[PDB]
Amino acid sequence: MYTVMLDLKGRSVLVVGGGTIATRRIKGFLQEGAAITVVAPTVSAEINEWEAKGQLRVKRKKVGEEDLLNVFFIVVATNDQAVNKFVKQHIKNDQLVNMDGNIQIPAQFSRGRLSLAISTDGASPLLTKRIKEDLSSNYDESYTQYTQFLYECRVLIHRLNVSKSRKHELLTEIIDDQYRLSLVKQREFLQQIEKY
């Protein structure tokens, strides 16, 4: 429908539920800057393992209005009809909520600042799974520190008091395999722009 990038870095995420969907959702956005709370009577072995590693907070309760305060993003993973109704009746108008609801989560992966998301508008989640695998293979962890390098370069060049002509030159230069796969190449480029 309408695909966007959403900043969750440092933001509050509540997951309502603790079964298999809940576990999937959390796996999905763990890398994202967190503040994850899970509210359910019972949770899964996986949520338990994450709770135990300091990755998540759990509240083994029936969700109440006290759980729905100032949460940036709410995920209602559960199917439990009454819980879904309750949450829907107790959130504000502009509440981001994945359930109605106003947030769908597509298959995706990231390599630091790089992200690729795939959908078929529910025609083939199984194709989407295959394409995700193929793309994860083709875009590996080298893109994590490369896109971090790119990001530093963009900020640094932006700040330069150097002509538009030169800025564009510096921004074009750093887009090839040799910048991704050579630390000398990167480090020397950084030495160059530091001098300006």
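Residue numbers run from 1 along the displayed sequence.
A.B. asks: Would you mind checking whether any residues of the deposited sequence sit unmodelled between residue 116 and residue 117, and how many (none, 1 to 3, 4 to 9, 10 or more)?
C.D. replies: Nothing is missing between them.
A.B. asks: Comparing average C-alpha B factors as deposited, tell me which of 30-38 and 145-153 sits higher.
C.D. replies: Looking at the recorded C-alpha B-factors, 30-38 comes out higher on average.
A.B. asks: On average, are the C-alpha B-factors higher in 4-12 or in 186-194?
C.D. replies: So the stretch with the higher mean C-alpha B-factor is 4-12.
A.B. asks: Please work out which residue in 75, 123, 83, 71 has the highest C-alpha B-factor recorded for this crystal structure.
C.D. replies: In this record, 123 carries the highest C-alpha B-factor of the candidates.
A.B. asks: Considering only 52, 171, 127, 135, which residue's Cα atom bears the greatest B-factor as recorded?
C.D. replies: Of the candidates given, the C-alpha B-factor peaks at 52.
A.B. asks: Looking at the temperature factor on the CA atom of residue 88, which third of the chain's modelled residues does it land in?
C.D. replies: As the PDB entry reports it, the C-alpha B-factor of residue 88 lands in the middle third of its chain.
A.B. asks: C-alpha B factor of residue 21, ranked within the chain: lowest, middle or highest third?
C.D. replies: Its C-alpha B-factor, which the entry lists for residue 21, ranks in the highest third among residues of this chain.
A.B. asks: Grab the CA temperature factor for residue 131 from the record and place it in the lowest, middle or highest third of its chain.
C.D. replies: Residue 131: CA B-factor falls in the lowest third of its chain.
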